[PDB]
């Protein structure tokens, strides 16, 4: 009765929307910005993070946000790690979360930046192209939806050197579901806490 199935992801459970867009962070034009949105009624969250003593801006941001145990949204980019970018890089992370919160609030759901997790992946040491990312943020809020393809797009948008996306969902016989997406093909030896 319980089914673990590939080709389904973050939008398999009820109460989630997702999308992925090409924001021009990647020179190639590929999808590079993902959004995962919790529709409620509950907003419980937990998180674990690299034990690397060098942590990127988005890790430092999200570690702080998770102390609340509450999330409305996760915004994730590929095409740059925003890592070893110092206080200015952290300001960009904060600006991304604020932009997601503002776009969601305008869209109809009152959200503060502290309710938005931020993840990045890609080259270490470059700052993010903020004009492109912020334009992408507005776009992706208007593309998100509960359908399985919304999950697919988000899974594709987080890819860097990956050739295929990674998704799975567990459908429990008691009628609840856990969905997941992941990426990572190199610099891949997690040690999480």
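Residue numbers count along the first chain shown, from 1.
Comparing the deposited coordinates for 147 to 155 and 27 to 35, the stretch with the larger average C-alpha B-factor is 27 to 35. Mean CA B-factor, 89 to 97 versus 103 to 111: the higher value falls on 103 to 111. In the PDB entry, the Cα temperature factor peaks, among 52, 62, 167, 163, at 163. In the PDB entry, residue 17 places in the middle third of its chain by CA B-factor. Annotation for residue 47: CA B-factor lies in the lowest third of the chain's modelled residues.
Among all modelled residues in this chain, the alpha-carbon of residue 58 has a temperature factor (C-alpha) in the lowest third.
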